[PDB]
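Read the structure below first, then the notes.
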Amino acid sequence: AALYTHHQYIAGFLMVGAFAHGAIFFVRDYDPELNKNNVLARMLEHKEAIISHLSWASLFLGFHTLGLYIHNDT
Amino acid sequence: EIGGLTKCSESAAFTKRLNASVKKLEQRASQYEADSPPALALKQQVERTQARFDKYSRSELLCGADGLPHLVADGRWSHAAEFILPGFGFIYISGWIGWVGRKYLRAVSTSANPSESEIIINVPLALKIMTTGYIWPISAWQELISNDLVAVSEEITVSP
Amino acid sequence: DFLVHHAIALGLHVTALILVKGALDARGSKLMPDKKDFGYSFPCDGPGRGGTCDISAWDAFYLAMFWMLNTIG
Amino acid sequence: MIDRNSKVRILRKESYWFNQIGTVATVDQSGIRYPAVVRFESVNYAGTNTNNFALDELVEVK
Amino acid sequence: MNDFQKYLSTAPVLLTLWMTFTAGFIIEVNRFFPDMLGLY
Amino acid sequence: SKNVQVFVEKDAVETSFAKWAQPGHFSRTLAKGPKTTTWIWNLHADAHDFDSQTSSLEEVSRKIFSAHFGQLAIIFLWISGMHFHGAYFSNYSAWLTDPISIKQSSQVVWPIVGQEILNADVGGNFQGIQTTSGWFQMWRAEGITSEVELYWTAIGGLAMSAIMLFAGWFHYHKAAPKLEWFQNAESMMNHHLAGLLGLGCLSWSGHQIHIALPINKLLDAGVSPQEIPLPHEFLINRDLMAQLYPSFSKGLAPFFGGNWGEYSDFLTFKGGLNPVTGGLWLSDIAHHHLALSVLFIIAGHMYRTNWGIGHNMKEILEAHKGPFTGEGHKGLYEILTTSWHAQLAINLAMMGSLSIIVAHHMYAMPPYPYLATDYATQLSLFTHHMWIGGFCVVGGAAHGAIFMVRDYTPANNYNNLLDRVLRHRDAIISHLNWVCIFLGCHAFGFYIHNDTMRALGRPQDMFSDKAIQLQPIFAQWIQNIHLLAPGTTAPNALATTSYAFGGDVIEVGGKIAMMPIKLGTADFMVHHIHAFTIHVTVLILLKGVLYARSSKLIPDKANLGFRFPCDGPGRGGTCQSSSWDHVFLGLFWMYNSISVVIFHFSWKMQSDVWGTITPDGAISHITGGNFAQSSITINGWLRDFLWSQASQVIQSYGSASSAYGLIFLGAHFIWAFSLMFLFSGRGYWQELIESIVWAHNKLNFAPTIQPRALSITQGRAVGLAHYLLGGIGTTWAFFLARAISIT
Amino acid sequence: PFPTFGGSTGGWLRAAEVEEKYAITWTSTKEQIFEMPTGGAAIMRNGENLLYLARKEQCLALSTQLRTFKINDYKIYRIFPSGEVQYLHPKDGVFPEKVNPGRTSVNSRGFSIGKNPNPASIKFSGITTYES
Amino acid sequence: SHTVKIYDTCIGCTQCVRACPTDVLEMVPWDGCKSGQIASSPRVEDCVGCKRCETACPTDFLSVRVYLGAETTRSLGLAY
Ligand code: CLA
Ligand code: CLA
Ligand code: CLA
Ligand code: CLA
Ligand code: CLA
Ligand code: CLA
Ligand SMILES: CC1=C(/C=C/C(C)=C/C=C/C(C)=C/C=C/C=C(C)/C=C/C=C(C)/C=C/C2=C(C)CCCC2(C)C)C(C)(C)CCC1
Ligand code: SF4
Ligand code: SF4
Ligand code: SF4
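Protein chains in written order, with the entry's author numbering: chain D, 368 to 441; chain R, 25 to 184; chain G, 515 to 587; chain Y, 1 to 62; chain H, 1 to 40; chain U, 10 to 752; chain B, 8 to 139; chain Z, 2 to 81.
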């Protein structure tokens, strides 16, 4: 039991750090000109699409998962 | 059966649950007496319980070891009543609401005060627009192929 | 098991949203179109323009940590 | 063309009304850096509905 | 009358009425068609 | 002419529905129209801030008077409903016949969706939700007996509600008093202290002496409710009363003469609790109100009005000044006669303080028949009034600060007490900070020390009654004084005011109603923790009042207002420096303080008082006396209290107590939900909204009322609201479910 | 020329005696009560008045209040421990809100906020984009 | 301490210089705007970082930007 919880928690920290340093990169080391129409730049072009859709997914999963649990409880 | 489940009509656990539930209510009714309003109520409740179990038994629902109904949603039409058919209902109603809402907002957008009509709804117009949503599937598709639904990069975007 | 798995899914998706948004909106936003000139971590941008608390990218990490713990939990 | 009562689309990336339409109110002819004064129907995060832009930052829409 | 109708047309009031109606019809459906976990 | 006169303006405001259709009419800014979602929220937050809606005190005053009538109408409707529900949906009649067995119930659920399970088998051929407000006991004390009477009081309530509503309309639209009328403190106090309270008490005593006392005696004796004569019969036939109380025979002759002794039959100073019902003797209660009535009526004749005799408050206040306090109380009269916020501060604090006192005095000295044995009702009432009190006290502080920021004028306050207080604010706050640290370190340290010691296998080193002991000597002493008072310092009394101080165990129905409550080391430790919690709350709140207008950090805080988000990221950070924010933080500490108090009550009582006693002397308390050696450590509270006493809620599913289980869970959810508003900031949310709006725009539709994120201040408010609801809600269910079982 | 005040625990501390101190001066036409930033109420004198504070902001806050009394002759100074004094406000005799010929621009960038350089471009330079 | 910069988008509304709590900003003569005036930050050594100035600017994006930086007794608003 300990080993599983140990590695899973470490995994979470490691995952969050990756995204953190990814952001540090954009603020500090990203050159807009070098990456012109690059695969990376185009990601920052449809940022709204990505964020909005991820939001919808979260909402869908959240409403129904919680809803079903509460139905069963009641 | 699918997933090693058993039909509820043939599940002993399901029946045991029924008997137990009814017994509990009956034991309570014993305290009260005859036509006492409390007793009559409990008696009516057992009828509903018996009906519910019977309905589920006659259904195609599959029960597990606990004797509780388990739903199937892999796309098979054998159990469409469990998810697919009810699902269509939600989509139809939800689309209706969304479509009519968008229609009203766009309609009142060109009015003298487009923001007063959002806090104080024009009921007459709203009702008219609301009734026109029963054919939302058709209207939406028509609007898509007419390039009137999706906008074209003439919308505000972030600095980067 | 079906339900718990869908809950885990919620966690991953929501944690990701916070982190991804932070990354993409780290070089600028409509509220602060010049965020890149302030850095990865800054307190805020003032009580004006509506209030700009927790607008830096570092704050996304801060907010995502809580969700990470929840999902792992 | 930028002129009084003309409708234009903002081209300043830092503007709250980027890629949006506004109506040119007046264009100053005294050589100021940002002559045109455009008015919008939506308030910004600060609550203003007007700003002065240069002619290059504005494209006529019609 | 006209003014009162406007008050009754305000967002908060209309929401309450609509939701009460929606809630009521749902409750009534369950009263007459109860205990359903599927379309039969 | 006369100093005190009535001045009223006729037809001040036209009654119409036009403004109703123009949301935001009260404000100049909001009236312009909605452009962003913030307008909506602001509309609701500035609705009752009349000071910002108008600049004339007369207008503000007029609105307040009428608004108060509205609250009174609501209160009357509430009371009316309760009586009606007790007439058509209750088991009062059955309970009246057998109060010990039948359980009180006045709410019934419709048979929709299995919710019927919530209708429990309370008793008396009736199924419903067991209520815990104590209505049945009160009605019995009044002598209701029938359910027809309950119906009529309900009708009276509805009528009264209507009258109040009319009064509100009348005194705002047709006959609005002028400012001069409102500014008559001496008259108001004379009337309210002699008419509202004095006449009120006297009238109540009349009901108690002529209607309640006789009926209750018969009820206690054993007479069936149906056999007890109707109330009017007692009022007319003096002979009937003479049978019960053999002094009415003499009539009012003894009263007009000085022989008030003859009325000793119904006016008594017995003390203690009635053995049969377990409540205070009504005879004593009647004398209580009669005595209080006389006192209040006399007090109402202290201030000058229009006849020369009396006191002028201004003179009294100004005369009281000393060597260490400069001009003394000069300037206070004007403040309290020209600032509603100041008045509310004092009044609200005192009202809340009274509620807390009611909670303590109403359990130690049970006032109603068959209330003590109903553990559920006792717990509910104590906790309810404890909470109401806490909120009100914090509210008083808030409005006090609003005064400093909005009504304080330096010119009118030179070298007065207020000025001198604001001139040594640093000293006051500095010292209080230390007091809080001292108390907190020492008080909570005791618990941590004990936990460590018990865990390290060193029980002999704990601060316990079996080791190093910290006895509450002072309190133990006072208890003895009060126990021996009857017959000594209180010669004419016959028993202790409360059996808590000492005495015998009063039992009703095999259950303990009251018993001597002893104080030991554990009690010392908990009491001092209460002190710490209260002191910290005062620190935050007082700091807010004293530093409301200025501080070394922000010298011009006053101009910023009472509710500003911050001053900026500068000066190292100025977040949450407004007085509003101090109130925000104070409420969290008030929550903690009250929570500990109510928990103390619940565990102490269930461990050292409540329980059952055999025909012979064998007392079995509900929890078994675990409080002494378990409440001395934090692990004890978590295990012997929260973990053990929560077995009821968690196992409530499938029973009539299932609702409590669901609410317990729901409350936890709301509490957690709030933490997202309390830890996050507007910036992240605003940016997220931008992306969401992009989607709507991409589909050619978007609200003209541009969607915006909640303001910084609102974010904090929403968080606190959900936090409080969740926390209090959780305990609510926990307590009620546990209580139902223990009862 | 000190205004009439009875003292407070919110006055200056050691920094005023070892690091730096401030002083405001003004002239009044009547004796009136004002509120001091430190906390409390004081009565100004009919004529010259001098008051010492620990922060410039505290001094300027009082000036705002003075303007309400229609006093616009206030002057603020910073006194160092050695006795050196610096005249700070109104610096050129004319309030800052009023353009005075003879004042030169400082810290001005001739382009819109959005024309600042990219952070990566100035890497390992020591300068910031907004100073570049 | 902190750095305050003014950009060409200024309109000489004077609102910023009227909001500073520590007299860091001034109005200087200029020809790029109709008002004929621009704002300057001659005394940034007294900036506390309040950002009240930014809150007062009417331009689409602030023409006056305050970038917080090195902290001193003055910038940290320490009266002690
Ligand atoms: C369990 C959580 C927790 C704890 C322990 C504290 C602790 C404290 N809060 Mg706090 N607070 C909390 C949650 C908490 N807060 C939350 C959630 C909020 C949000 C509303 C606040 C909001 C808040 C405000 C607004 C205020 C406080 C204040 C205080 C202080 C009271 C003074 C005191 O008793 O010092 C004693 C502190 C202790 C922790 C006692 C236990 C420590 C041991 C047992 C005593 C001996 C230890 C010794 C000193 C050193 C040991 C050495 C070794 C361990 C290394 C104290 C530091 C007040 C303050 O600062 O005024 C003084 C104050 O104004 N709190
Ligand atoms: C190989 C792994 C690795 C490496 C080399 C780095 C390296 C770096 N990171 Mg990074 N990071 C990592 C993993 C890594 N990180 C992970 C896994 C995360 C997710 C949590 C992050 C999240 C992260 C953030 C959010 C930030 C960095 C930053 C930085 C830079 C400065 C770090 C700093 O200032 O710390 C200096 C030293 C310290 C902070 C001391 C740490 C003390 C910790 C916080 C407390 C210890 C725990 C506690 C005391 C335990 C006691 C408990 C006891 C009572 C029982 C540096 C380049 C910072 C930056 O700006 O870079 C641009 C920054 O803002 N990182
Ligand atoms: C119990 C605590 C709690 C809960 C419930 C939430 C809930 C949520 N957070 Mg959150 N959060 C919390 C604590 C919590 N937070 C804390 C402590 C932090 C600090 C780190 C955060 C930080 C945080 C961030 C940074 C973000 C969120 C986001 C979200 C949303 C994710 C989408 C979702 O689940 O949609 C479903 C939502 C719910 C199920 C919750 C509300 C449910 C109500 C009761 C409606 C239920 C309707 C029901 C199904 C029936 C509907 C029909 C009926 C009307 C008839 C959701 C509203 C993300 C967001 O904005 O969403 C895109 C996001 O970016 N949170
Ligand atoms: C504090 C006041 C109070 C409260 C909380 C309750 C609560 C309750 N009463 Mg009760 N009652 C009260 C006072 C109160 N009563 C009074 C004063 C009377 C005397 C008239 C009654 C007479 C009474 C009867 C006779 C009955 C109840 C019943 C009930 C229960 C069901 C309520 C109900 O109808 O649900 C359902 C709610 C509705 C049907 C109302 C529809 C919802 C409306 C349309 C929404 C409001 C519209 C909105 C305001 C529009 C705004 C327009 C603008 C002009 C303001 C519920 C527990 C019932 C009960 O327990 O049955 C077993 C029952 O039969 N009560
Ligand atoms: C003896 C006369 C008298 C009495 C009884 C009262 C009573 C009251 N005043 Mg009051 N008042 C008086 C004189 C009096 N005033 C005078 C002379 C002035 C001017 C100086 C004021 C100015 C004043 C203000 C400015 C305010 C009050 C308020 C109140 C109420 C406080 C709330 C409360 O305790 O609820 C207790 C509630 C009740 C007891 C319900 C019954 C209330 C009715 C009106 C009692 C009337 C007598 C009744 C019909 C009994 C007749 C006896 C008969 C059966 C034999 C209370 C009803 C406040 C309020 O909320 O007013 C709305 C308020 O803001 N008063
Ligand atoms: C005698 C009681 C009393 C009275 C008359 C007032 C009156 C006033 N207060 Mg005040 N206050 C009180 C008690 C009181 N307060 C108490 C006890 C507290 C401590 C919590 C406060 C804390 C407080 C603050 C912090 C502030 C005021 C403000 C105000 C003013 C404007 C109120 C406002 O915005 O209206 C609008 C009223 C509302 C929006 C309240 C609506 C109710 C909200 C939504 C909470 C509902 C909770 C609900 C019960 C939960 C239901 C759960 C269910 C849904 C499941 C007004 C003069 C404000 C002001 O500006 O003063 C000048 C202000 O900033 N008060
Ligand atoms: C073999 C096989 C399989 C597999 C398949 C596959 C192919 C899968 C995949 C999977 C995957 C494929 C996954 C993925 C994941 C991903 C991730 C996890 C990502 C992350 C990312 C990040 C974290 C980012 C970062 C950043 C940013 C933020 C920006 C820029 C910079 C950087 C890059 C730093 C199956 C099932 C088993 C079965 C059969 C066979
Ligand atoms: S937005 Fe938040 S962090 Fe920034 S100054 Fe305002 S309160 Fe402080
Ligand atoms: S941040 Fe504050 S001190 Fe600095 S220039 Fe702006 S207003 Fe003045
Ligand atoms: S507020 Fe902005 S536009 Fe106005 S003078 Fe100052 S910097 Fe220029």
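Using N, Cα and C, we set each Cβ at its ideal position, and we do this for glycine too.
Inset, instruction - Tell whether a beta-carbon distance below 7 Å holds between U/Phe-191 and U/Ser-70. - result: yes
Inset, instruction - Would you be able to state if there are at least three C-beta pairs under 8 Å between the stretch 357-368 of chain U and the stretch 402-410 of chain U? - result: yes
Legend entry - U/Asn-489, DSSP secondary structure in three states: helix
Legend entry - Under 7 Å by beta carbon: chain Y residues contacting U/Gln-14: Those do not exist, as U/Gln-14 stays about 49 Å from chain Y at its closest Cβ, beyond 7 Å.
Legend entry - Inter-residue Cα distance where the pair is U/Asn-425 and U/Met-614: 48 Å
Inset, instruction - Look at Z/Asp-47 and Z/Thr-74 and say whether their C-beta atoms are less than 7 Å apart. - result: no
Inset, instruction - Rank U/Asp-649, U/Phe-682, U/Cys-584, U/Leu-282 by C-alpha distance to the C-alpha of U/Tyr-508 and give the top, closest one. - result: U/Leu-282
Inset, instruction - Check the Cβ-Cβ distances between U/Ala-295 and every residue of chain H, and say whether any is below 7 Å. - result: no
Legend entry - Where B/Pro-126 meets chain D, residues with beta-carbon distance less than 7 Å: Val-394, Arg-395
Inset, instruction - Can you have a look at U/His-370 and say buried or exposed, based on whether 16 or more other CB atoms are within 10 angstroms of its CB? - result: exposed
Inset, instruction - May I ask you to report which of helix, strand or coil DSSP gives Y/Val-24? - result: strand
Legend entry - Sufficient close CB pairs (3 or more, under 8 Å) joining the stretch 716-726 of chain U to the stretch 9-21 of chain B: no
Legend entry - 7 Å Cβ cutoff, H/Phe-4 in contact with chain U: yes
Inset, instruction - Answer yes or no: the CB of Z/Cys-54 versus the heavy atoms of ligand 8, is any distance below 6 Å? - result: no
Inset, instruction - Would you list the residues sitting across from U/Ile-477 in a DSSP beta bridge? - result: U/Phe-472
Inset, instruction - Report the three-state DSSP secondary structure of U/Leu-528 (helix, strand or coil). - result: coil
Inset, instruction - For U/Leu-550, I'd like the list of residues in its chain whose CB is within less than 6 Å of its CB, leaving aside the five on either flank, ordered along the chain. - result: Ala-406, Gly-595
Legend entry - Beta-carbon proximity check, U/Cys-450 vs U/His-544, cutoff 7 Å: no
Legend entry - Beta-carbon gap between U/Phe-135 and U/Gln-113 smaller than 7 Å: no
Legend entry - 7 Å CB neighbourhood of U/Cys-584 in its chain, flanking five on each side removed: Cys-575
Inset, instruction - Closer than 8 Å by C-beta to U/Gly-518: which residues in its own chain qualify, once you throw out the five before and the five after it? Chain order, please. - result: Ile-109, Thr-382
Legend entry - Where U/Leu-426 sits in the DSSP three-state scheme: helix
Inset, instruction - Have a look at B/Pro-124 and B/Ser-132 and give me their C-alpha separation to the nearest angstrom. - result: 13 Å
Inset, instruction - Please decide whether U/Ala-704 counts as near chain D, where near means a Cβ-Cβ distance under 7 Å. - result: yes
Legend entry - Segment limits, beta strand (DSSP E) that includes Y/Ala-36: 36-39
Legend entry - Close beta carbons around R/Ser-81, own chain, < 6 Å, minus the five adjacent residues each side: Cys-32, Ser-33
Inset, instruction - With DSSP as the reference, please indicate the residues paired to R/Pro-93 in a beta bridge. - result: R/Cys-87
Inset, instruction - Identify the continuous alpha helix (DSSP H) that holds Z/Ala-57 and give its terminal residues. - result: 53-57
Legend entry - Simplified DSSP state of U/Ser-36, which is helix, strand or coil: coil
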